[PDB]
Every structure is written in structure tokens, then in C-alpha cells.
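Residue numbers (the deposited numbering), protein chains in the order written: chain B, 10 to 70, 74 to 293; chain C, 11 to 293. Ideal placement from N, C-alpha and C gives every residue a C-beta, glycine not left out. Below is one structure; the comments refer to it alone.
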Ligand SMILES: [Fe+3]
Ligand SMILES: [Fe+3]
């Protein structure tokens, strides 16, 4: 059975665009260097060791290891991963027809041993209107998936069904229709909108849990799952322009027919109203 | 067949159906005179202020006669404290968005059509979020146009031209203007227009007098990014609004329908309003 294509991180972007439309997913080898993976990994270690908050936990409410909006608490992600050029070439190619995109969410998941796999699904629950968008419409969401442990047959490599974005419905596909996204930390799995998939769970009996970071880039038309308006100003101005843009701190622009933009106020750009500085401005 | 006019106390089920059938209707005398009146007074203060000389994203694209006050919620207490939380408007919205879930205010701004501007083309309110163009008619609606005449609407001053049922058309095309019926209203009335209905601003034939004045509010599914972002309102202003008002303007976590079980516009796995420890006049 045809497997997921592995690609060198410096591969030409049009093949990745091509692959997204043909297979619906692909893998980049060694996009993030080891030291970058290492820092992010110890930054996330801090948040995991931070005691549990007592209020309500909207998504956490058995054992659900999970760090939300890692961009506010993980400098490596905020300052390096989020702005990674290869990622954004893909995005610009992919969001060609829809226009500006930004970060709807990026959060950590750990999968303990002996957890059942996911059921096959499409990433269309956060914005259910996507369920009704036809395949031909301009895509408005892109799943980017960072392994931070080994992804193996054993621990539950992500399962993808290639080409399945062409289906009208998910239905009940069989596990042996999927292929495995086995990768090493530093690699990245990129999944097109409408592609059917499932996390593998974890069938190790005893051992370290599989750790994945899930990033969702959507058209700026879609409301971000996580709002970054509470980030302190000084933290925001320490980011590059592109980083500020991805986190909803600037005015954006869906493609024409929208000739004006979005996320604006007083008929001005938000960043100008806020007198916003940036690492690279 | 003309747009049906209904009393403000009309039954909501009947209104919802009219949106499926006709696509638009009108509420007569929804806002009392004092509300219309003081809303107008607050507007004239903004019209008295010369437009900025910085960049102006929407105005600059129009000619230098564009009369426009953006996001009136930030400068018109009457809209922010009364009109925007109107019980009838929200009874309609709760029904219209039943299948998509929580909604909020993408935009609410002022237009003034001076004497002598020609007819606006027949369009649909689907340019801000073009993804709306591709949704099937069967999909849960995600956007709703609420139209507030602040002056008299008549055929001479270009009452809104609406084409009933035109949401079921596959294309817009280029229809001629006698296919449309007119939304002649008095101030205090409201024109409710469903997603995908074809319509146009008529223009202004009058040679003198007051420009036709309208406030257009767009209630969208919370899945859709608000056009106007109200995150720069001073906190004190926000906390003097009702909870509902705060939800309308993005200051609280909202919830799209299932299969979204979590919500949207939250942070630290918590509700935005709780992270902010945000009070409200009725909290
Ligand atoms: Fe998924
Ligand atoms: Fe319109």
C-alpha cells in the first residue's frame, strides 16, 4: 500500500502543494533541529510540572495531559517554530485562494500507555461550518502536527487515509485503509483540510508517553480557538511582525472580494491603533 | 408581493419562517423615539468631527464624499447600552442561528447617503467572509443583516431594494431593479435580511434635505472573525455593558453548536471573561 511521502525539509514547495492535493498529507524530515526540539521540550516540561489550576478546564473537563496555547508559555515555539519559513511557504501556497491565515490553536498533548486509538475523523469540529464547505471551495484550515517523541507502530503513530479528502463523508473506514505517520522528533506531519485520520493511542505497556503538538492555521475569516489578546504588550512586541499576525494582534486581509480587511477598528489597522512595536520593525 | 411588516410583539416562529420563505421582513416601531433620537444625537457628534488624515481602510476606497462612522458601539452609548441588546433582535437571532450556535456582532456602523448618489449594484453580504459564498443553502446560516433606518426610507431617497426569495438563486446574475421591492420605513423600524438575499442600496434622487441615514449591524456565527474588533474599548466602558453586550462584542468566550463541545475565544483553557476577571452591569 502507498505510504505517506517523506520529504526533505528543503524540498520545493510546489511538490508539497501537489502532494496535499493528491495524497492530502505529507511528512517533512528534520524541519526543526535537535536543539530547537530540545528547548521546546523542556519548556513544555515546565508547564506540565506547574500545579493544576482549580477553576474550570473547558477542554480538560480522565487523565488528560495537555498544555493549552503553548505560544504564551513556550518562547521556542513563539520565537522560532511559529515563524518557521518552510511552514509559511506551505501556508501561502495552500491558502492561495482564501487569503490571509493565522493560528487558531497550538497546544500540547501527551498520550499515556494503554490509551485506545482515536476514531477516524475530519478536523472540522471546532468550526462546524467547515463540514458543509465543498472540497472545491478555497481551503480554510490546515493541520500541522509536530511529533516531540518518536512516532512508531507501538506508541501510536498518527493514522492517515491518503486521498480521503475527496470523499463526501467519513463513514466508518477500516484501520487498514490508513497508513502510519511514523516520524522522529523534529519532523512535521502536515494534513490537508477534509483528510480522514486518527491518533494512534498508545499500545506500549510501560514507557514514556507520546508527545505531540498540534497547530491549526485557518483563514483569518475563522475565529481563532485560542485568543491571544491577554498576552502582555511587552511579550507581543518581542515577536516578529509575522508572529504578531499569526496570533491575532494585527489587521488581516482575506482575499478579494474583501477589499478592506478584517480585525480592524476605527477604520484603521489594529497594530497602528495600538502603536505596536515588533522584533523586526 | 411586498416585504411583510410585523409588529414588534409579533411571534418569533412566524418571523423565522418568513426568513426561510421571503428572506427578509420588517419590524415596525421596534425602537422608541427617544432611543432613535438620542442615538441620532450621538451620531451627529461623530459626524461633526473631521475625518482623520491617517489611513482609512474603508473610506479611502470610496470617493471623498463617503459619510461613514465605523463601529458606532464604541462612541454611541445608546447603541451599546440599548439597541445592541434589544430583546426582540436576540429572540430572532437565537432562532435564526439555532443550528449554528452562538453569534456575535461582526460590525455595526453608520452610513449616510447624500443627495445625488446613484444606485448601488445588486449584491449580497458575502464579501467580508467569502467562504460564505461556497456554503450550501442547506447549511446552518452563519450571517444575518440587521438594518436600522435612522431617517425616513422612501423610494426617492433610495429605500433598500430587496428581492424576495433571491437567496434560493444559485447565482446573483444581474437582475433589473423592478424585480426588487422597496423597504420604505420610518425611523424605529428594522429591516431583517437573511444570508444570501440579493439587495442594493437605492441611492438618493432628492436634490436637497437630510441624507438618508442608516446603521447596518451584522450578526454572525461566532465561528467567523468579527470585522470590527472591540478589544481596544476601555475596560471601564466594557464593564458598564450587560453580559449579553459583552458577548456581542467579543469580550467573552462563546460556543458554536455541537460538534464543538468546548467553545471558542478562550485562553489558558479558561473563559476569556474569567481570565480578565471581567465585571458587567448585570454580573
Ligand atoms: Fe485530528
Ligand atoms: Fe448589503
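{"Asked": "Is it buried or exposed for residue 122/B, if we count other Cβ within 10 angstroms and need 16 for buried?", "Found": "buried"}
{"Asked": "Of the choices 46/C, 99/C, 134/C, 204/C, whose alpha-carbon is the least far from that of residue 19/C?", "Found": "99/C"}
{"Asked": "The segment 232 to 257 of chain C: which residues have C-beta closer than 8 Å to a C-beta of chain B, in chain order?", "Found": "232, 233, 234, 235, 236, 237, 238, 239, 240, 241, 242"}
{"Asked": "Report the three-state DSSP secondary structure of residue 71/B (helix, strand or coil).", "Found": "Since the numbering of chain B jumps from 70 to 74, residue 71/B cannot be located in this structure."}
{"Asked": "Are there any heavy atoms of ligand 1 lying less than 7 Å away from the beta-carbon of residue 133/B, as far as the coordinates show?", "Found": "yes"}
{"Asked": "Look at residue 56/C and residue 79/C and say whether their C-beta atoms are less than 8 Å apart.", "Found": "yes"}
{"Asked": "Does the Cβ-Cβ distance between residue 199/B and residue 95/B come in under 8 Å?", "Found": "no"}
{"Asked": "Starting from the C-beta of residue 113/B, find all residues in its chain whose C-beta is less than 7 Å away, skip the five residues before and the five after it, and write them out in chain order.", "Found": "103, 107, 229, 230, 231, 232"}
{"Asked": "Report the residue from 195/B, 260/B, 246/B, 239/B whose alpha carbon sits nearest the alpha carbon of residue 223/B.", "Found": "195/B"}
{"Asked": "Taking the continuous beta strand (DSSP E) assigned at residue 122/C, which residues delimit it?", "Found": "113 to 123"}
{"Asked": "Between which two residues does the alpha helix (DSSP H) harbouring residue 106/B extend?", "Found": "97 to 106"}
{"Asked": "Given 7 Å as the limit, tell me if residue 209/C has its C-beta closer than that to any heavy atom belonging to ligand 2.", "Found": "yes"}
{"Asked": "Does the beta carbon of residue 91/C sit closer than 8 Å to a beta carbon anywhere in chain B?", "Found": "no"}
{"Asked": "Taking C-alpha atoms, which residue in 44/B, 283/B, 269/B lies nearest to residue 260/B?", "Found": "283/B"}
{"Asked": "Between the Cα of residue 139/C and the Cα atoms of 277/B, 49/B, 269/B, 62/B, which residue gives the shortest distance?", "Found": "269/B"}
{"Asked": "Relative to the C-alpha of residue 277/C, which residue among 83/B, 273/B, 201/B, 143/B is closest?", "Found": "83/B"}
{"Asked": "Cβ closer than 9 Å: which chain B residues qualify as neighbours of residue 110/C?", "Found": "140, 141"}
{"Asked": "Using the rule of at least 16 other Cβ atoms within 10 Å of the residue's Cβ for burial, across every protein chain shown, is residue 88/B buried or exposed?", "Found": "buried"}
{"Asked": "Would residue 145/C be called buried (16 or more neighbouring beta carbons within 10 Å of its own) or exposed?", "Found": "buried"}
{"Asked": "May I ask which residues mark the beginning and end of the beta strand (DSSP E) holding residue 91/C?", "Found": "No beta strand (DSSP E) contains residue 91/C, which is instead part of the alpha helix (DSSP H) from 87 to 91."}
{"Asked": "So that I know if they touch, is there some Cβ in chain B lying closer than 8 Å to that of residue 94/C?", "Found": "no"}
{"Asked": "Which residue wins for smallest C-alpha separation from residue 177/B, given the options 207/B, 16/B, 149/B?", "Found": "207/B"}
{"Asked": "Tell me the rounded alpha-carbon separation between residue 33/C and residue 246/B.", "Found": "48 Å"}
{"Asked": "For residue 159/B, name the three-state secondary structure that DSSP assigns.", "Found": "strand"}
{"Asked": "Counting only the same chain and skipping the five closest in sequence on each side, list residues whose C-beta sits under 7 Å from that of residue 219/B.", "Found": "125"}
{"Asked": "How should residue 240/B be labelled, buried or exposed, when 16 other C-beta atoms within 10 angstroms of its C-beta is the threshold for buried?", "Found": "buried"}
{"Asked": "Rounded to a whole number of angstroms, what is the C-alpha to C-alpha distance between residue 172/C and residue 191/C?", "Found": "5 Å"}
{"Asked": "For residue 22/C, tell me which candidate among 120/C, 227/C, 63/C, 97/C has the shortest Cα-Cα distance.", "Found": "97/C"}
{"Asked": "Give the straight-line distance between the Cα atoms of residue 119/C and residue 201/C, rounded to the nearest whole angstrom.", "Found": "15 Å"}
{"Asked": "Is it right to say residue 64/B is buried, meaning 16 or more other beta carbons lie within 10 angstroms of its own, or is it exposed?", "Found": "exposed"}
{"Asked": "Given this structure, state the Cα-to-Cα distance separating residue 27/C from residue 17/C, to the nearest angstrom.", "Found": "15 Å"}
{"Asked": "Where does residue 251/C fall in DSSP's three states?", "Found": "coil"}
{"Asked": "Report yes if the CB atom of residue 242/B is closer than 8 Å to the CB atom of residue 253/C, and no otherwise.", "Found": "no"}
{"Asked": "Pick out the complete beta strand (DSSP E) segments inside the segment 185 to 222 of chain C, 3 residues or longer, and give them in chain order.", "Found": "200 to 204"}
{"Asked": "In the segment 188 to 202 of chain C, which residues sit with their C-beta less than 8 Å from some C-beta in chain B, listed in chain order?", "Found": "none"}
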